[PDB]
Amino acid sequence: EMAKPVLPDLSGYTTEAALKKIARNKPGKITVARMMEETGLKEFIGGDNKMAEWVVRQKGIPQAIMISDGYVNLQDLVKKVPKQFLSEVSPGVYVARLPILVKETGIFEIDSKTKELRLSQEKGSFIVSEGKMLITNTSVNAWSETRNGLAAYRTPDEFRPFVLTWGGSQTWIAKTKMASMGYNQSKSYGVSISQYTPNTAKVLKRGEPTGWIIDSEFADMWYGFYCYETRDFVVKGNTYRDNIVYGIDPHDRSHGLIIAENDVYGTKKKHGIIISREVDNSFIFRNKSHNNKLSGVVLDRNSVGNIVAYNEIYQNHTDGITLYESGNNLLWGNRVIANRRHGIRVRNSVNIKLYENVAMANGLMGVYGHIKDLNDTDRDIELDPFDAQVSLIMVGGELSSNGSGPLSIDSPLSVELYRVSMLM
């Protein structure tokens, strides 16, 4: 029978290791120049004819603070950039009134000497990196100058500052607090790690972005974390609290992700943790995901080869774990407790392995498997094909005290159960 899963070692993912990640070897170059000259900005904004909203924010032809050709820290920028674009309002507290772009050859650091970097909401500030970026022991917040405080969430389409990295970038964020970033706009969700668009990528062929986000805290974000075609990204030891749509939302053919020892709660609209659209060969382990508006943890749209292990998943307002059209995944030793609906729900997914899971005191079923015809729904069948079959193997663990019974599997292709405890 099956041995317990081998999970990636996390012991090397620390702030001291993050600090040693960059070359502070060669001093870089700082410029303030036109935004629309740069791919890093064109890629998500579009051409010259889309620049008007940025003209309005900056009250002139849109500029960015740019770092390239080596190493620049935030203190270096403050010395070189005019006060009107980057101002120290009190010791170690700075307001950026332009976007900051780390270009491909650029290396950008923020460290403990910075108490807070405030990104101006009104001026349209944000951070985009194509290079290397290291943020440790500090705060970076979306800031409303008119409110004189965080840009607290109000509505989906209102611009809020954000962080965005592109193909070929490496990014390390440790012991850092960020709040109030992101909104309902492509690449602007909050903290977004992303390969270039298909057209640009095929020309640039930069390699998929990567990096770490460790021991940090993200609050009031549109998405706490997002990625697209990203490799080997580490999200470890963080608190994702009171974010709007999702806590952690890896997407679109990302793979090898390590999502571990995070505490994710209070998500206002949807799921605590969701991987969607061929997020494959990843690891979701020892997280707490609780008190989210929908599910604790979701595997969606043909996300396969994953290991979901030893998570505490509880008090979510719908399911503990939901699998949507995402087969060939292992769920091992999760404790799924007191979610309002089902403990573990599996829809249209085959070869699901449920080993040693404990599903207790959920409002509905401990485990629920079903099929559903998704044709003539809003689903894009070409992009996200599906098959209306469900099958699973359950070994060990416990299903007890669930509101509607230990399990229901409607129309399965096959179910096998071995040595599952179901207390009566």
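In this text, residue numbers run from 1 along the sequence as written.
Set 31 to 39 against 391 to 399 and average the Cα temperature factors; 31 to 39 ends up higher.
As recorded in the PDB entry, 108 to 116 is the stretch of 311 to 319 and 108 to 116 with the greater mean C-alpha temperature factor. Out of 260, 72, 344, 304, the entry records its largest CA B-factor for 72. Within the group 76, 220, 325, 249, the record's highest C-alpha temperature factor is found at 76. Ranked within its chain, residue 285 lands in the middle third, by CA B factor from the PDB record.
Among the modelled residues of its chain, residue 242 has a C-alpha B-factor that falls in the lowest third, as given in the PDB entry.
Sorting the modelled residues of the chain by their CA temperature factor places residue 66 in the highest third.
For residue 366, the recorded CA B-factor ranks within the lowest third of the chain. Only modelled residues enter the ranking. Among the modelled residues of the chain, residue 86 sits in the highest third by CA temperature factor in this PDB entry.
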